[PDB]
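Student: Below is one structure. I have some questions about it.
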Amino acid sequence: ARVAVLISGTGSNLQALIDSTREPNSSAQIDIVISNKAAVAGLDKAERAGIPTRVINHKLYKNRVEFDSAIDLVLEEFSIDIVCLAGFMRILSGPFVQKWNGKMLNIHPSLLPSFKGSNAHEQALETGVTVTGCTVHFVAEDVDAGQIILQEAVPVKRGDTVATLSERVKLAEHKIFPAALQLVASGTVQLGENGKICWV
Ligand SMILES: Nc1nc(=O)c2c(CCc3ccc(C(=O)N[C@@H](/C=C/C(=O)O)C(=O)O)cc3)c[nH]c2[nH]1
Ligand SMILES: NCC(=O)N[C@@H]1O[C@H](COP(=O)([O-])[O-])[C@@H](O)[C@H]1O
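Written out as structure tokens, the structure is:
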């Protein structure tokens, strides 16, 4: 399966994805990395790995749909089958999400449906849960509401901050996101026509 990874920031999840695709038994290959921002740390990881990079600055396009089309064009250029959102902070338009429905994955630093949004760790600490985690899910039009593929629970220790908690959760992210990508790219896991998750 041909995979595109969309980034906006650091990209440690990108690196974990890259490493798992170098495995001989991997069903996925990362053929292109796309960042909506220029000169972010993810582009260098992709260039160090030997993966083509393209920058599509959304602050240089008419609106959402137009900018999504510029991404879609690059995905078609590299014949992409699967899209991975690795810290990609742009809400994707209706038609884009619908075209790549059941073919686009995202990592979220909480045990969904708990703590949807931009600051899951902050929410988790404010609420006072002792167990949080991370979720890999198919991207639906509604934010963080797509079908769940994999989840891993991560303990919250007393005195935790966003710095320490995210550090611990990211260790789980680096596990389940490559694992989920493999499940999808191998055809083991797919989006069911009923809407739900289908195994084989
Ligand atoms: N349809 C759809 N569903 C999704 O789940 C999804 C995702 C997954 C995670 C996500 C969800 C919302 C925002 C988000 O709202 N970001 C806002 C602010 C970011 C910033 O200021 O940097 C934004 O829309 O720009 C950023 C990231 C990315 N794009 C998506 N598209
Ligand atoms: N879009 C939802 C969201 O909050 N994404 C979060 O951004 C980080 C990117 O890490 P990385 O840049 O080191 O891969 C990840 O930890 C992920 O949970």
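For the sequence shown, PDB author numbering begins at 808 and goes up steadily by one.
C-beta: ideal position from N, C-alpha, C; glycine also.
1) Taking just the CA atoms, how far does residue 829 sit from residue 954?
2) Could you tell me which uninterrupted alpha helix (DSSP H) segments, each at least 4 residues in length, are contained entirely in the region 864-940, listed from first to last along the chain?
3) If you draw a straight line from the alpha carbon of residue 964 to that of residue 933, how long is it in whole angstroms?
4) Consult DSSP for residue 980 and reduce its assignment to one of helix, strand or coil.
5) Spatial neighbours of residue 903 within its chain, please: CB distance less than 7 Å, with the 5 preceding and 5 following residues excluded, ordered by chain position.
6) So, helix, strand or coil for residue 946, using DSSP?
7) How long is the line joining the alpha carbons of residue 985 and residue 824, rounded to whole angstroms?
8) Counting pairs of Cβ atoms below 8 Å between the region 925-944 and the region 845-859, do you hit three or more?
9) If you reduce the DSSP assignment to three classes, tell me which class residue 819 lands in.
Tutor: On the basis of the data shown:
1) As a position in the sequence shown, residue 954 is number 147, starting the count at 1. As a position in the sequence shown, residue 829 is number 22, starting the count at 1. C-alpha separation (whole angstroms): 27 Å.
2) 871-884, 901-906 and 927-934
3) Stepping through the sequence shown from its first residue, residue 964 is reached at position 157. Stepping through the sequence shown from its first residue, residue 933 is reached at position 126. Taking the straight line from one Cα to the other gives about 13 Å.
4) As a first step, residue 980 must be located in the sequence shown, where it is residue number 173. Helix, per DSSP.
5) Walking along the sequence shown from the start, residue 903 turns up at place 96. Around residue 903: 875 and 879.
6) To locate residue 946, count along the sequence shown from 1; it is residue 139. The answer is coil: DSSP assigns residue 946 none of H, G, I, E or B.
7) By one-based count along the sequence shown, residue 985 stands at place 178. By one-based count along the sequence shown, residue 824 stands at place 17. Each residue's alpha carbon lies about 5 Å from the other.
8) no
9) Along the sequence shown, read from residue 1 onward, the residue named residue 819 stands at position 12. Residue state, collapsed to three classes: helix.
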